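Neighbour counts run over all protein chains shown; Cβ positions are idealised from the backbone, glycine included. Every read-out reported here was derived from the displayed coordinates using simple, explicitly stated rules and does not represent laboratory data.
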Amino acid sequence: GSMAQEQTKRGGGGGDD
Amino acid sequence: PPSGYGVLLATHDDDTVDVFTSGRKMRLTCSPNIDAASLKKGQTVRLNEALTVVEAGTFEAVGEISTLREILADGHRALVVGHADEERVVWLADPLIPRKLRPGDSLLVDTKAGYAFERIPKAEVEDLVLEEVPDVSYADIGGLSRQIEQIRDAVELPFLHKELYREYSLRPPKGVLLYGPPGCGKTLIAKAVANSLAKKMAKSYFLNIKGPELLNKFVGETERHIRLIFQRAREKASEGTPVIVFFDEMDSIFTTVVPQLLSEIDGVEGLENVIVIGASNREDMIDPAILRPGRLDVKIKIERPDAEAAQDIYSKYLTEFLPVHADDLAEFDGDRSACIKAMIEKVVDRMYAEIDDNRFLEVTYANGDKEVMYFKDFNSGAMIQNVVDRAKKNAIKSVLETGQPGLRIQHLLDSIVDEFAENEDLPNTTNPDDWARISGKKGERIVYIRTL
Amino acid sequence: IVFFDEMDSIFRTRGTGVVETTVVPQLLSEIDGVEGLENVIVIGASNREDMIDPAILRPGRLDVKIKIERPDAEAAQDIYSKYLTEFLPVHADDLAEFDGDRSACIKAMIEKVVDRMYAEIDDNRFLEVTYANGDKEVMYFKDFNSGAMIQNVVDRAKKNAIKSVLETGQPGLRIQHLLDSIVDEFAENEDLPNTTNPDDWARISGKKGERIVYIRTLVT
Ligand SMILES: Nc1ncnc2c1ncn2[C@@H]1O[C@H](COP(=O)(O)OP(=O)(O)O)[C@@H](O)[C@H]1O
């Protein structure tokens, strides 16, 4: 019976031009 | 002659068409040789130094693959997602405009030209995982014939009388609650009824959900999980394949999650093909609200093993194809089936015998009426299957040690002893939850229980 | 043989997260596909079996469960025998008591230290458990003994022996070293409730039948 707060974890992403 | 290529976009009444080429759109003119109306949207065309379309080829077969998200209301454009989670809106090709395209399909696309040309087939494994193979027939279960007939009456009867209900403007009952003893064959009846229903319409899905693992205590997440389960059930019911939603160990649960479950059951009541089957070993602890008339009207009580069923179960497990000792064959002049039947009768009789080898449980009462339960009680199909597996292992050990193949009653007795020793621990720690677990079956509360 | 160690890290569950959520499905599918092969075996180990979702542990893929209980007096004697080898130097005072019979001296020492460790002396009290309905419960060190602790006891005894041969010049090993190692290990682990495990508390609750209310660390 309690609430939570989220911390994100960024995922790798890369593009060319 | 050096000739380029491009992608057609659309036609016009002035015999001029737009073509994407070299990264830019150009309004080319069609040569008199080709027919402008014959051109199809998205068809690759051939250019030349004068930028005139003279030939039209096939559709492109190489490029990026994007997952379809939705089809727009116009019927000519679709919204898809790229490899980098980038969404785009692209026009569909003529071949894409039975078969019906569905969300989740993979399509070959060209981002620069903004066209989708072909669909790449893909095989999904989620559908196979979610369902079970209808391999459990009526003959696969033994000693539950009256339960089989009750299930038949509860399930298959409205199917033959659907027009009767339609004329009478009524709602056939779609709620079956299987309540009985500790897990022996309670879920196997669900597999049997699913297989029987699959047989009648001659593809089959069985969504099994456990009770304790469904609980998401913290804040209202269990309602979310139940809603997701019922949404998946609705999605499966969209396809014309019968789906049975089974809930196991529902005595753990039941201002609470009960109203959400009732609302979902009422919502799924419209889908009469879907059959909800619940299992619980404690009918007393189950809240009577779910037992109210309407949804879960049909309740079926099951038990164990009438000894004959154990024999039937042994025949199902210890078939005629198992190796048999020559010495035991000497007692039955080489009749394998008769030898197997006699061995099954012998082992069942010994197991259900009140002897010194059946001191599994000692029961004490308030007045001190200390009695002894034997191996006949608490017998179960899973326990018999484990006994069969241990007996096979012991027979293999005897074959690899002594060298003589075959089966002996000593193997069955050793398997029985070892499996009862193993089963003395899982349900019986004897301080918690054992009192009710034995009192419901016996019929009276027991003050103290001990294991001998 | 594929060995999935510390199965709490991955394949644990997906509902409680507070992609990692997309690891169980493909693993289960691959295990189902490879099940047909006769010679492929999957082995997994984990301290906390509760964190593992039962879906991978359903009959089929993971059909065998093996529980490794904490050692008892006989198991402790066997483990000490596995570590207190005759190749370790033994002091002349203890060796002469058996007329050079190394095996007899070693086994007598093992029995003595096992009896000392498992004895219910007042110095061996570790924890006090409070029950609302019941009076109370007392837990000693033997309830949380393990082979690793035995190995560390032997190592500490050998370290004490090395310090003794450096300080006095007499090579060998003594029973006093083992007793000092035992008491030092008990004092060192007295403060930390680390020895307790959720499995241990589940077993204690299923033995008493009442939920724990309070745990106290006894100390002189
Ligand atoms: N009449 C029967 N014939 C064959 N097998 C049976 C019979 N009754 C029970 N069993 C076996 O007992 C096992 C119990 O499986 P399941 O129903 O999943 O667990 P539980 O009995 O705890 O619900 C099944 O695998 C089934 O093979």
Helices (runs of 4 or more DSSP H) completely within the range B:362-452 that count 3 or more residues being away from the ligand (no atom under 16 Å from the Cβ), within 14 Å of another protein chain (Cβ to nearest Cβ) and surrounded by 13 or more Cβ atoms within 10 Å (Cβ to Cβ): B:434-442
Those strands (runs of 3 or more DSSP E) lying entirely in the range C:114-220 with at least 2 residues among the small types (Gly, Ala, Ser) and surrounded by fewer than 14 Cβ atoms within 10 Å (Cβ to Cβ): none
Condition met for B:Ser263 (in contact with a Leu (Cβ under 8 Å, 6 or more places away or on another chain), surrounded by 14 or more Cβ atoms within 10 Å (Cβ to Cβ) and among the polar types (S, T, N, Q)): no
Pair list, Cβ under 8 Å, 6 or more apart: the range B:21-36 residue part of a strand (DSSP E or B), other residue of a type in the set (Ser, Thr, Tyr): B:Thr21/B:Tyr5; B:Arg27/B:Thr16; B:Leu28/B:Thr16; B:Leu28/B:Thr52; B:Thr29/B:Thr16; B:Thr29/B:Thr52; B:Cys30/B:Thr16; B:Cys30/B:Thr52
Identity of the residue in the range B:343-361, surrounded by fewer than 15 Cβ atoms within 10 Å (Cβ to Cβ) and under 40 Å from the mean Cα position of the chain (by Cα), that ends up farthest from B:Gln311 (Cα to Cα): B:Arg359
In the range B:256-273, the residues that are in a loop (DSSP other than H, G, I, E, B) and out of contact with any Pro (no Cβ under 8 Å at 6 or more places or on another chain): B:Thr256, B:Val257, B:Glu269, B:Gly270, B:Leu271
Cross-chain or 6+ apart pairs with Cβ under 7 Å, the range B:288-314 first and more than 14 Å from chain C (Cβ to nearest Cβ) and in a strand (DSSP E or B), then more than 16 Å from the ligand (Cβ to nearest atom) and not aliphatic (A, V, I, L, M): B:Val298/B:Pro173; B:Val298/B:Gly175
Among residues of the range C:26-48, those that are surrounded by fewer than 15 Cβ atoms within 10 Å (Cβ to Cβ), part of a loop (DSSP other than H, G, I, E, B), out of contact with any helix residue (DSSP H, G or I) (no Cβ under 6 Å at 6 or more places or on another chain) and of a type outside the set (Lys, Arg), counted: 8
Test for B:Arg350: is it charged (D, E, K, R) and assigned to a helix (DSSP H, G or I): yes
Residues located in the range C:43-72, provided they are away from every other protein chain (no Cβ under 14 Å) and within 16 Å of the ligand (Cβ to nearest atom): C:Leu62
Selection count where residues are within 12 Å of chain C (Cβ to nearest Cβ) and within 13 Å of the chain's Cα centre (by Cα), scope the range B:242-254: 1
Residue satisfying condition, being assigned to a loop (DSSP other than H, G, I, E, B) and either under 32 Å from the mean Cα position of the chain (by Cα) or crowded, with 16+ Cβ neighbours inside 10 Å (or both), within set B:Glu149, B:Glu70, B:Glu132: B:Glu132
When residues of the range C:1-42 are limited to those that are among the charged types (D, E, K, R) and within 14 Å of another protein chain (Cβ to nearest Cβ), the one farthest from C:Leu57 (Cα to Cα): C:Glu20
Candidate set: the range B:127-152, residues that are among the hydrophobic types (A, V, I, L, M, F, W, C) and more than 14 Å from chain C (Cβ to nearest Cβ); chosen: the one farthest from the ligand (Cβ to nearest atom): B:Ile151
Residue satisfying condition, being charged (D, E, K, R) and over 30 Å from B:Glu249 (Cα atoms), within set C:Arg61, C:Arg70: C:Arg70
Cβ pairs under 9 Å, 6+ apart, first in chain A and within 10 Å of chain C (Cβ to nearest Cβ), second of a type outside the set (A, V, I, L, M): A:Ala4/B:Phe218
Residue ID - farthest from B:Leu157 (Cα to Cα), chosen from residues in the range B:273-323 that are among the hydroxyl-bearing types (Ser, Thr, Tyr) and more than 23 Å from the chain's Cα centre (by Cα): B:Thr319
Count of residues meeting criterion [in a loop (DSSP other than H, G, I, E, B) and more than 14 Å from B:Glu118 (Cβ to Cβ)] in the range B:73-95: 9
Residue satisfying all of: in the range B:242-282; of a type in the set (S, T, N, Q) and under 20 Å from B:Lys191 (Cα atoms); farthest from the ligand (Cβ to nearest atom) among these: B:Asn273
Meets criteria (under 30 Å from C:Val213 (Cβ atoms) and more than 24 Å from the chain's Cα centre (by Cα)) for C:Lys136: yes
